[PDB]
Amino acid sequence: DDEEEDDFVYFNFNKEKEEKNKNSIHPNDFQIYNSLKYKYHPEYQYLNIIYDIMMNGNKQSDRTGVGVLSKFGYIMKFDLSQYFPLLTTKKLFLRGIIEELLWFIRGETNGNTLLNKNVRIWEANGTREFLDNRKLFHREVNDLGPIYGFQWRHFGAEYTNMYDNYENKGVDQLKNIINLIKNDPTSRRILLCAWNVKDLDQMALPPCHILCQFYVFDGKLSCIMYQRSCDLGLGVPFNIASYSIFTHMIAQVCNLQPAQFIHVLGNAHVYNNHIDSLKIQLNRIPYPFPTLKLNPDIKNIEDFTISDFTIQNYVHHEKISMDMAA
């Protein structure tokens, strides 16, 4: 049949021209990327979004002056039962993000803890200058306020300082969702929310990862994470790893097998500064994903330690500086 192959052209009579596409970016630079016929490797869910933003993104400058290309609403899915989605088109390290995760799970909000472990993820957000500009004049350096950790274990309590013992204060969401998963797996209220509207102005900065919702079917656990702001070039790669790892942890302590990890992106953006580097990346062919192994003896969400995690068979391309600035 070939009659309907004609109707197709008609229905596409209003679609814009690819000069009015938006951004030129010149996609001749994407030699390899555009040559690939079938791109079924899960890494392409990330790469395709970067291509979509570069080609169709909206130009915007922030409150700083830095420019970005942005889009609104994207969704990615990774089958954790078949692999660990750690990008291969560029080198990534996970020691830092795992420590951050354990830091969250402990309910910590003390930046010094991470810095003592040589993890600088939150260093810039805990400076005198940064805190003062957030109007947090009465906040101690590196005291990030009521962020993730605090909200996960004490949502609702009044934040005082990073050294306080908030035991039995506020709602321990983490505990609650672990119990809902064990006893009431069909529940549709298994959510972990970091966006505490009341504490927003008290945090070094509002959470980028709003919430996590869980789903349980036939002994398998899936997770949806909603991100309000997503820096495609630098953050997302790490964010995908963090929550994938977290879903593994929650699954294990609940006697379940890891299924899907779903990443919903609200405001997705690419920094103009990362464009040259992202172009380089999109032309690299992904390698098969590695695997993630958790010490099977851990049975409580709070008992995990850095050496309980092992990333095996991580094959990847050369490291890339999204900035290339010197």
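When you see a residue number, it is the position in the sequence shown, counting from 1.
Across the two stretches, 162-170 and 82-90, the PDB entry reports the greater mean Cα temperature factor for 162-170. Per the PDB record, of the two stretches 60-68 and 273-281, 60-68 carries the greater mean B-factor over its C-alpha atoms.
By the numbers in the PDB entry, the CA B factor is greatest at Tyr38 among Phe261, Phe289, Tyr38, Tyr44. In this PDB entry, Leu294 carries a Cα temperature factor that places it within the highest third of its chain's modelled residues. Among the modelled residues of its chain, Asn125 has a C-alpha B-factor that falls in the middle third according to the deposited record.
When the CA B factors of the chain's modelled residues are split into thirds, the value for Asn116 lands in the highest one. When the modelled residues of the chain are ordered by their C-alpha B factor, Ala268 lands in the lowest third. In the deposited entry, the Cα temperature factor of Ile49 places it in the lowest third of its chain's modelled residues.
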